[PDB]
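One file, data.pdb, carrying PDB, C-alpha atoms:
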MODEL        1
ATOM      1  CA  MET A 163     -30.266 145.673  91.313  1.00  0.00           C
ATOM      2  CA  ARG A 164     -30.609 145.176  95.110  1.00  0.00           C
ATOM      3  CA  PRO A 165     -27.972 146.033  97.831  1.00  0.00           C
ATOM      4  CA  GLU A 166     -29.265 143.140  99.991  1.00  0.00           C
ATOM      5  CA  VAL A 167     -27.514 141.633 103.042  1.00  0.00           C
ATOM      6  CA  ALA A 168     -27.148 138.386 101.040  1.00  0.00           C
ATOM      7  CA  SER A 169     -26.039 140.371  97.939  1.00  0.00           C
ATOM      8  CA  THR A 170     -23.188 142.271  99.709  1.00  0.00           C
ATOM      9  CA  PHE A 171     -21.995 139.090 101.531  1.00  0.00           C
ATOM     10  CA  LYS A 172     -21.652 137.107  98.257  1.00  0.00           C
ATOM     11  CA  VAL A 173     -19.938 140.091  96.522  1.00  0.00           C
ATOM     12  CA  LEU A 174     -17.340 140.216  99.368  1.00  0.00           C
ATOM     13  CA  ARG A 175     -16.551 136.468  99.001  1.00  0.00           C
ATOM     14  CA  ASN A 176     -16.255 136.805  95.182  1.00  0.00           C
ATOM     15  CA  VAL A 177     -13.759 139.723  95.429  1.00  0.00           C
ATOM     16  CA  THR A 178     -11.596 138.029  98.126  1.00  0.00           C
ATOM     17  CA  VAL A 179     -11.344 134.669  96.247  1.00  0.00           C
ATOM     18  CA  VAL A 180     -10.462 136.426  92.939  1.00  0.00           C
ATOM     19  CA  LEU A 181      -7.750 138.568  94.652  1.00  0.00           C
ATOM     20  CA  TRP A 182      -6.272 135.428  96.311  1.00  0.00           C
ATOM     21  CA  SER A 183      -5.947 133.435  93.029  1.00  0.00           C
ATOM     22  CA  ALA A 184      -4.588 136.528  91.201  1.00  0.00           C
ATOM     23  CA  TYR A 185      -1.972 137.117  93.972  1.00  0.00           C
ATOM     24  CA  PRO A 186       0.636 134.454  92.853  1.00  0.00           C
ATOM     25  CA  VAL A 187       0.051 135.447  89.179  1.00  0.00           C
ATOM     26  CA  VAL A 188       0.841 139.148  89.890  1.00  0.00           C
ATOM     27  CA  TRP A 189       3.880 138.087  91.993  1.00  0.00           C
ATOM     28  CA  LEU A 190       5.332 135.928  89.149  1.00  0.00           C
ATOM     29  CA  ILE A 191       4.987 138.891  86.734  1.00  0.00           C
ATOM     30  CA  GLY A 192       6.850 141.132  89.247  1.00  0.00           C
ATOM     31  CA  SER A 193       9.532 138.412  89.772  1.00  0.00           C
ATOM     32  CA  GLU A 194      10.259 136.905  86.314  1.00  0.00           C
ATOM     33  CA  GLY A 195      14.071 136.992  86.829  1.00  0.00           C
ATOM     34  CA  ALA A 196      13.842 137.500  90.624  1.00  0.00           C
ATOM     35  CA  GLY A 197      11.932 134.278  91.498  1.00  0.00           C
ATOM     36  CA  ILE A 198      13.410 132.451  88.465  1.00  0.00           C
ATOM     37  CA  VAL A 199      15.359 130.111  90.826  1.00  0.00           C
ATOM     38  CA  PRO A 200      12.324 127.895  91.858  1.00  0.00           C
ATOM     39  CA  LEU A 201      10.963 127.940  88.259  1.00  0.00           C
ATOM     40  CA  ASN A 202      14.308 126.525  86.962  1.00  0.00           C
ATOM     41  CA  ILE A 203      14.292 123.743  89.617  1.00  0.00           C
ATOM     42  CA  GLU A 204      10.781 122.562  88.584  1.00  0.00           C
ATOM     43  CA  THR A 205      11.587 122.743  84.824  1.00  0.00           C
ATOM     44  CA  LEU A 206      14.705 120.561  85.380  1.00  0.00           C
ATOM     45  CA  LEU A 207      12.726 117.947  87.402  1.00  0.00           C
ATOM     46  CA  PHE A 208      10.019 117.753  84.681  1.00  0.00           C
ATOM     47  CA  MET A 209      12.641 117.362  81.883  1.00  0.00           C
ATOM     48  CA  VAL A 210      14.366 114.450  83.731  1.00  0.00           C
ATOM     49  CA  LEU A 211      10.989 112.632  83.981  1.00  0.00           C
ATOM     50  CA  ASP A 212      10.351 113.230  80.235  1.00  0.00           C
ATOM     51  CA  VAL A 213      13.743 111.691  79.284  1.00  0.00           C
ATOM     52  CA  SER A 214      13.319 108.541  81.458  1.00  0.00           C
ATOM     53  CA  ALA A 215       9.771 107.925  80.097  1.00  0.00           C
ATOM     54  CA  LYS A 216      10.962 108.279  76.452  1.00  0.00           C
ATOM     55  CA  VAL A 217      13.779 105.720  77.017  1.00  0.00           C
ATOM     56  CA  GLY A 218      11.298 103.228  78.586  1.00  0.00           C
ATOM     57  CA  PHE A 219       8.881 103.637  75.623  1.00  0.00           C
ATOM     58  CA  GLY A 220      11.741 102.921  73.152  1.00  0.00           C
ATOM     59  CA  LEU A 221      12.658  99.670  74.988  1.00  0.00           C
ATOM     60  CA  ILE A 222       8.988  98.516  74.991  1.00  0.00           C
ATOM     61  CA  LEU A 223       8.652  99.197  71.214  1.00  0.00           C
ATOM     62  CA  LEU A 224      11.819  97.157  70.401  1.00  0.00           C
ATOM     63  CA  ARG A 225      10.521  94.189  72.465  1.00  0.00           C
ATOM     64  CA  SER A 226       7.045  94.342  70.823  1.00  0.00           C
ATOM     65  CA  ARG A 227       8.365  94.319  67.213  1.00  0.00           C
ATOM     66  CA  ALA A 228      10.769  91.420  68.026  1.00  0.00           C
ATOM     67  CA  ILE A 229       7.903  89.274  69.432  1.00  0.00           C
ATOM     68  CA  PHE A 230       5.697  90.113  66.395  1.00  0.00           C
ATOM     69  CA  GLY A 231       8.362  89.110  63.807  1.00  0.00           C
TER      70      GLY A 231
ENDMDL
END
Serialized structure, structure tokens:
Amino acid sequence: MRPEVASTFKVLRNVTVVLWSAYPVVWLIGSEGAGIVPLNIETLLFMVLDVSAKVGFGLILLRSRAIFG
């Protein structure tokens, strides 16, 4: 190995970036029920989108088969 100036600089950046990305992950673990509120909001929004898309797809399919026959 070599404890170079370049070496130590790059090591510092690596550690800091890793810690940063890990920070929200660790939080979520230590706030499963606590910070559930925002999680619920997002899940609801996503589900609504899913439903509307599914309905649209159904309508398209009906139209297509009618035109074909």
> In Å, with one decimal, what is the gap from CA of residue 203 (chain A) to CA of residue 180 (chain A)?
Replying inline: 28.0 Å
> Do you have the CA of residue 189 (chain A)-CA of residue 201 (chain A) distance handy?
Replying inline: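 A separation of 12.9 Å between them.
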Centre and edge lengths, as JSON, for the axis-aligned box enclosing every listed atom of region 199-209 of chain A with 4 Å of padding on each of the six sides, in Å to one decimal?
{"center_x": 12.7, "center_y": 123.7, "center_z": 86.9, "size_x": 13.3, "size_y": 20.7, "size_z": 18.0}
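Note that CA of residue 174 (chain A) and CA of residue 186 (chain A) are 20.0 Å apart.
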